[PDB]
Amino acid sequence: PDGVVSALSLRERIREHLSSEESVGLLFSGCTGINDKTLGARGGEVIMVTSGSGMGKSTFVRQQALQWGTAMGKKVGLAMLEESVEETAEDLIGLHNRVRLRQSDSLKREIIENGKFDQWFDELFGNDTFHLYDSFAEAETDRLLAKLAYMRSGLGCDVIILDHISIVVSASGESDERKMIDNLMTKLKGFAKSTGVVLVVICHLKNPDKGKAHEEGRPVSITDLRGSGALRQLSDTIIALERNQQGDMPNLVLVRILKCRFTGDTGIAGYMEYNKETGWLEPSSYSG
(Lines of atoms letter the chains of each structure in order from A and count residues from 1; the text may use other names and numbers.)
(Lines give C-alpha, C1' and ligand atoms only; values in the text may rest on other atoms or scores of the structure.)
Protein backbone atom coordinates (compact mmCIF):
# COMPACT_ATOMS: atom_id res chain seq x y z
CA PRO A 1 0.00 0.00 0.00
CA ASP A 2 2.22 2.84 -1.27
CA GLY A 3 1.09 6.48 -1.42
CA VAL A 4 4.12 7.34 0.67
CA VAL A 5 6.20 9.93 -1.16
CA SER A 6 9.74 10.80 -0.07
CA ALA A 7 10.45 14.52 0.23
CA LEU A 8 13.30 14.25 -2.27
CA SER A 9 10.94 13.29 -5.08
CA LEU A 10 8.78 16.39 -4.53
CA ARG A 11 11.34 18.94 -5.82
CA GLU A 12 9.43 20.02 -8.91
CA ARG A 13 6.03 19.69 -7.31
CA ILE A 14 7.35 21.90 -4.49
CA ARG A 15 8.99 24.41 -6.86
CA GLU A 16 5.80 24.57 -8.89
CA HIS A 17 4.17 25.21 -5.50
CA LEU A 18 6.25 28.15 -4.25
CA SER A 19 5.79 30.03 -7.52
CA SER A 20 2.24 31.28 -7.94
CA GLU A 21 1.23 30.10 -4.48
CA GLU A 22 -0.34 33.23 -3.04
CA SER A 23 0.00 34.05 0.63
CA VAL A 24 -1.24 37.63 0.31
CA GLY A 25 -4.52 38.04 -1.50
CA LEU A 26 -7.54 40.29 -1.21
CA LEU A 27 -6.62 42.83 1.44
CA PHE A 28 -9.36 44.35 3.57
CA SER A 29 -10.30 47.99 3.13
CA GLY A 30 -10.89 50.42 5.92
CA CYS A 31 -8.21 49.53 8.40
CA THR A 32 -4.66 48.40 7.61
CA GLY A 33 -3.68 46.23 10.53
CA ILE A 34 -6.46 43.74 9.84
CA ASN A 35 -4.07 43.14 6.97
CA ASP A 36 -1.06 43.33 9.29
CA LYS A 37 -2.24 40.46 11.41
CA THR A 38 -3.86 38.43 8.61
CA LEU A 39 -2.15 39.24 5.34
CA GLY A 40 -5.59 39.45 3.75
CA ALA A 41 -8.03 36.74 2.71
CA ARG A 42 -6.52 33.70 0.91
CA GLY A 43 -8.60 31.67 -1.53
CA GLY A 44 -10.08 28.51 -0.08
CA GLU A 45 -10.24 30.26 3.29
CA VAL A 46 -13.38 30.70 5.40
CA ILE A 47 -13.56 34.23 6.87
CA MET A 48 -15.87 34.85 9.82
CA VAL A 49 -17.05 38.33 10.83
CA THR A 50 -19.20 39.01 13.87
CA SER A 51 -20.23 41.64 16.37
CA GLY A 52 -23.11 42.74 18.59
CA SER A 53 -26.37 42.97 16.69
CA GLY A 54 -26.12 46.08 14.55
CA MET A 55 -22.56 47.14 15.29
CA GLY A 56 -20.50 46.71 12.15
CA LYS A 57 -20.62 43.18 10.75
CA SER A 58 -22.94 43.99 7.89
CA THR A 59 -21.46 47.36 7.01
CA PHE A 60 -17.91 46.12 7.24
CA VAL A 61 -18.52 43.04 5.05
CA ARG A 62 -20.66 45.05 2.63
CA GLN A 63 -17.68 47.43 2.28
CA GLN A 64 -15.25 44.61 1.54
CA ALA A 65 -17.55 43.27 -1.15
CA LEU A 66 -17.58 46.79 -2.55
CA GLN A 67 -13.83 47.38 -2.63
CA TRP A 68 -13.08 43.89 -3.90
CA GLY A 69 -15.73 44.32 -6.59
CA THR A 70 -14.54 47.72 -7.71
CA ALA A 71 -11.01 49.05 -7.33
CA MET A 72 -9.69 45.53 -7.39
CA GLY A 73 -11.94 44.04 -10.06
CA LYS A 74 -12.81 40.69 -8.45
CA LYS A 75 -15.98 38.78 -9.06
CA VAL A 76 -18.11 39.15 -5.96
CA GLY A 77 -20.96 36.79 -5.16
CA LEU A 78 -23.56 38.03 -2.70
CA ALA A 79 -25.95 35.90 -0.66
CA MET A 80 -27.84 38.33 1.57
CA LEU A 81 -30.44 35.95 2.97
CA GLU A 82 -32.25 38.52 5.13
CA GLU A 83 -32.83 41.03 2.31
CA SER A 84 -33.97 41.31 -1.33
CA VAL A 85 -31.61 41.76 -4.27
CA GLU A 86 -32.86 45.29 -5.02
CA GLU A 87 -32.49 46.10 -1.41
CA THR A 88 -28.83 45.06 -1.17
CA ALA A 89 -28.41 46.48 -4.65
CA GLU A 90 -29.68 49.76 -3.19
CA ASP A 91 -27.23 49.65 -0.23
CA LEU A 92 -24.21 49.14 -2.44
CA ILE A 93 -25.16 52.04 -4.69
CA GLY A 94 -25.66 54.44 -1.83
CA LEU A 95 -22.54 53.19 -0.11
CA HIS A 96 -20.43 53.33 -3.25
CA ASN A 97 -21.66 56.91 -3.66
CA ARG A 98 -21.20 57.72 0.04
CA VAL A 99 -24.84 58.63 0.62
CA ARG A 100 -27.49 57.15 2.89
CA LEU A 101 -29.66 56.45 -0.15
CA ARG A 102 -32.11 54.31 1.83
CA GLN A 103 -32.38 56.69 4.81
CA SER A 104 -33.50 59.46 2.44
CA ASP A 105 -36.63 59.55 0.28
CA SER A 106 -35.63 62.94 -1.06
CA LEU A 107 -32.47 61.51 -2.63
CA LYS A 108 -34.00 58.32 -4.07
CA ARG A 109 -36.54 60.66 -5.66
CA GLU A 110 -33.85 62.93 -7.10
CA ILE A 111 -31.44 60.47 -8.73
CA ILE A 112 -34.34 58.64 -10.36
CA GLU A 113 -35.69 61.86 -11.86
CA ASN A 114 -32.49 63.82 -12.51
CA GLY A 115 -31.10 60.64 -14.04
CA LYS A 116 -28.14 60.12 -11.71
CA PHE A 117 -29.44 56.65 -10.88
CA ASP A 118 -28.52 55.17 -14.26
CA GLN A 119 -25.18 56.89 -13.97
CA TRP A 120 -24.49 55.37 -10.55
CA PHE A 121 -25.76 51.93 -11.55
CA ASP A 122 -23.43 51.60 -14.52
CA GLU A 123 -20.56 53.16 -12.67
CA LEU A 124 -20.87 50.31 -10.15
CA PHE A 125 -22.41 47.31 -11.83
CA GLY A 126 -20.75 48.28 -15.08
CA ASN A 127 -18.02 45.66 -15.15
CA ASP A 128 -20.45 42.89 -14.24
CA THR A 129 -18.59 41.91 -11.03
CA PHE A 130 -21.60 41.48 -8.76
CA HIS A 131 -23.91 38.49 -8.64
CA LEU A 132 -26.51 37.79 -5.99
CA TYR A 133 -28.64 34.96 -4.64
CA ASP A 134 -32.30 35.71 -5.12
CA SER A 135 -35.24 34.60 -2.99
CA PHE A 136 -35.61 35.66 0.63
CA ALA A 137 -37.74 32.49 0.91
CA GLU A 138 -35.92 30.14 3.30
CA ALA A 139 -33.03 28.40 1.59
CA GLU A 140 -31.98 24.86 2.51
CA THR A 141 -28.35 23.93 3.19
CA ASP A 142 -27.64 21.87 0.05
CA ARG A 143 -30.09 24.08 -1.83
CA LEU A 144 -27.97 27.12 -0.93
CA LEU A 145 -24.62 25.40 -1.31
CA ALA A 146 -25.66 24.39 -4.78
CA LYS A 147 -26.18 28.06 -5.68
CA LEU A 148 -22.98 29.27 -4.05
CA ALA A 149 -21.40 26.37 -5.92
CA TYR A 150 -22.79 27.85 -9.09
CA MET A 151 -21.53 31.31 -8.24
CA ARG A 152 -18.01 30.04 -7.77
CA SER A 153 -17.59 27.54 -10.61
CA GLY A 154 -20.25 28.96 -12.89
CA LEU A 155 -19.97 32.74 -12.87
CA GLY A 156 -16.43 32.42 -11.56
CA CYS A 157 -16.71 34.53 -8.42
CA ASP A 158 -13.55 35.21 -6.43
CA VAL A 159 -15.49 35.95 -3.26
CA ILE A 160 -18.88 34.91 -1.90
CA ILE A 161 -20.41 36.87 0.95
CA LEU A 162 -22.94 34.82 2.91
CA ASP A 163 -24.72 37.23 5.22
CA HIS A 164 -26.05 35.43 8.28
CA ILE A 165 -25.42 31.77 9.03
CA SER A 166 -28.28 31.21 11.43
CA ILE A 167 -30.81 31.15 8.64
CA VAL A 168 -30.38 27.43 8.08
CA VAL A 169 -33.69 25.98 6.82
CA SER A 170 -32.72 22.30 6.49
CA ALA A 171 -33.60 18.68 7.31
CA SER A 172 -36.03 19.46 10.15
CA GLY A 173 -36.29 16.46 12.46
CA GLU A 174 -33.03 16.44 14.40
CA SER A 175 -32.76 18.13 17.83
CA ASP A 176 -30.81 21.31 18.64
CA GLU A 177 -29.94 23.15 15.45
CA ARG A 178 -26.47 23.26 16.99
CA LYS A 179 -25.72 20.23 14.84
CA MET A 180 -27.03 22.23 11.88
CA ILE A 181 -24.75 25.24 12.26
CA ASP A 182 -21.93 22.71 12.50
CA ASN A 183 -22.75 20.45 9.57
CA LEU A 184 -23.42 23.51 7.46
CA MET A 185 -20.06 24.91 8.50
CA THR A 186 -18.33 21.69 7.55
CA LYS A 187 -19.99 21.82 4.13
CA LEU A 188 -18.97 25.47 3.68
CA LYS A 189 -15.31 24.97 4.62
CA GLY A 190 -15.28 21.87 2.49
CA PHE A 191 -16.83 23.82 -0.39
CA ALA A 192 -14.32 26.58 0.14
CA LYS A 193 -11.21 24.50 0.41
CA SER A 194 -11.89 22.59 -2.80
CA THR A 195 -13.05 25.35 -5.12
CA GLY A 196 -10.51 27.85 -3.87
CA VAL A 197 -13.08 30.61 -3.42
CA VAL A 198 -12.71 33.14 -0.61
CA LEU A 199 -15.73 32.73 1.65
CA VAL A 200 -16.79 35.52 4.01
CA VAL A 201 -19.47 34.36 6.45
CA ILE A 202 -21.33 36.46 8.98
CA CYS A 203 -22.70 35.08 12.27
CA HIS A 204 -24.21 36.59 15.41
CA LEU A 205 -23.21 36.52 19.07
CA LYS A 206 -24.59 34.63 22.05
CA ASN A 207 -26.41 36.95 24.38
CA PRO A 208 -24.06 36.96 27.42
CA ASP A 209 -26.74 38.19 29.82
CA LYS A 210 -24.09 37.83 32.51
CA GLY A 211 -22.21 41.10 32.86
CA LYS A 212 -22.62 44.22 30.68
CA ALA A 213 -22.61 43.42 26.99
CA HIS A 214 -21.92 44.03 23.30
CA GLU A 215 -24.26 46.91 22.52
CA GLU A 216 -22.27 48.53 25.34
CA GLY A 217 -18.76 47.57 24.32
CA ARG A 218 -17.38 44.50 26.09
CA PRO A 219 -14.90 42.57 24.00
CA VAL A 220 -16.32 39.58 22.14
CA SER A 221 -14.59 36.30 22.97
CA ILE A 222 -14.26 33.20 20.80
CA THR A 223 -16.61 31.45 23.20
CA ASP A 224 -19.34 34.09 22.60
CA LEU A 225 -19.86 32.99 19.00
CA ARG A 226 -23.31 31.59 18.20
CA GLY A 227 -23.41 27.97 17.12
CA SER A 228 -21.39 25.43 19.10
CA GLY A 229 -17.74 26.17 18.30
CA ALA A 230 -17.78 24.20 15.07
CA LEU A 231 -17.14 27.41 13.21
CA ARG A 232 -14.59 28.36 15.82
CA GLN A 233 -12.68 25.44 14.28
CA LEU A 234 -13.84 25.37 10.68
CA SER A 235 -13.20 29.05 9.97
CA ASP A 236 -9.65 30.12 9.16
CA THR A 237 -9.92 33.75 10.26
CA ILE A 238 -12.32 35.52 12.62
CA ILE A 239 -12.88 39.26 12.55
CA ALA A 240 -14.92 40.81 15.35
CA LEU A 241 -16.02 44.41 15.70
CA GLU A 242 -16.70 46.02 19.08
CA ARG A 243 -18.29 49.36 19.90
CA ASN A 244 -20.35 51.10 22.58
CA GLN A 245 -23.48 52.61 20.99
CA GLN A 246 -24.43 53.69 24.51
CA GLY A 247 -21.16 55.41 25.39
CA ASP A 248 -19.07 58.41 24.38
CA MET A 249 -17.79 57.42 20.95
CA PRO A 250 -20.64 55.25 19.58
CA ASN A 251 -19.05 55.40 16.16
CA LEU A 252 -15.62 54.29 17.36
CA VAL A 253 -15.31 50.59 16.61
CA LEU A 254 -12.43 48.28 17.43
CA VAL A 255 -11.40 45.44 15.19
CA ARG A 256 -10.17 42.28 16.90
CA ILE A 257 -8.65 39.25 15.22
CA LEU A 258 -10.16 36.47 17.34
CA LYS A 259 -8.51 33.92 15.11
CA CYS A 260 -6.21 33.55 12.12
CA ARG A 261 -4.93 30.15 11.06
CA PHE A 262 -2.54 31.30 8.34
CA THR A 263 -0.57 33.78 10.46
CA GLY A 264 -1.40 32.85 14.05
CA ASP A 265 -1.15 36.55 14.69
CA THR A 266 -4.13 37.42 16.90
CA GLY A 267 -5.31 40.34 19.04
CA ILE A 268 -6.59 43.87 18.48
CA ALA A 269 -5.98 44.87 14.87
CA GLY A 270 -7.00 48.52 15.05
CA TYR A 271 -10.00 50.85 14.96
CA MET A 272 -12.50 52.52 12.67
CA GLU A 273 -15.13 55.25 12.98
CA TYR A 274 -18.64 55.16 11.63
CA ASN A 275 -19.47 58.26 9.64
CA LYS A 276 -23.25 58.75 9.72
CA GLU A 277 -22.95 60.97 6.67
CA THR A 278 -21.16 58.63 4.28
CA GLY A 279 -22.49 55.59 6.15
CA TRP A 280 -18.98 54.14 5.88
CA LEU A 281 -16.59 52.74 8.48
CA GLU A 282 -13.65 55.10 7.97
CA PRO A 283 -10.10 54.42 9.14
CA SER A 284 -9.25 55.86 12.55
CA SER A 285 -6.42 56.71 14.95
CA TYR A 286 -7.03 55.80 18.57
CA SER A 287 -5.91 53.81 21.63
CA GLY A 288 -7.77 53.13 24.88
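Throughout, we count residues from 1 along the sequence that is shown.
As listed in the deposited structure, the average C-alpha B-factor of 158-166 and of 135-143 is greater for 135-143.
The mean Cα B-factor in the deposited entry runs higher for 207-215 than for the other of 207-215 and 85-93. Of the candidates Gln119, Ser106, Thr129, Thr195, the PDB record gives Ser106 the highest C-alpha temperature factor.
When all modelled residues of the chain are sorted by CA temperature factor, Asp248 is found within the highest third. In the PDB entry, a CA B factor belonging to the lowest third of its chain's modelled residues is recorded for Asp265.
Per the deposited record, the Cα B-factor of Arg62 falls in the lowest third when ranked against the other modelled residues of its chain. For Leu258, the recorded CA B-factor ranks within the lowest third of the chain. Only modelled residues enter the ranking. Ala230 sits in the highest third of its chain by CA B factor, as recorded in the PDB entry.
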